[PDB]
């Protein structure tokens, strides 16, 4: 029970934690499917290497779908899986909470 709450809430933190995953997921959930360069533009502080590593981890974690489309020209699209989509209410609530908290700590 207590271990079940803790193992499970901590798993969630591990999946979305870090400096850029929440922002990647936010753009995919709010705006939809994106190519790599589109995400790279939306997140100007991120490097190619870091964005590739974060997307790879999100894909291996079954949060992001990466699909290759052999059309003319070929393209690779990134999107949320159903598991990713159900993180979106959590990210929304974290943003709303942190918006209010930041004002608290900033203005003091």
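Positions refer to the first chain, counted from 1.
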- [ ] Quick one: say whether 5-13 or 95-103 has the higher mean Cα B-factor in the deposited entry.
- [x] 5-13
Open item on the list: When the Cα temperature factors in the entry are averaged, is it 42-50 or 28-36 that ends up higher?
Closed with: 42-50
Task: For residue 64, the third of its chain into which the C-alpha B factor falls - done: lowest
Open item on the list: Using only modelled residues of the chain, where does the Cα B factor of residue 71 rank: lowest third, middle third or highest third?
Closed with: highest
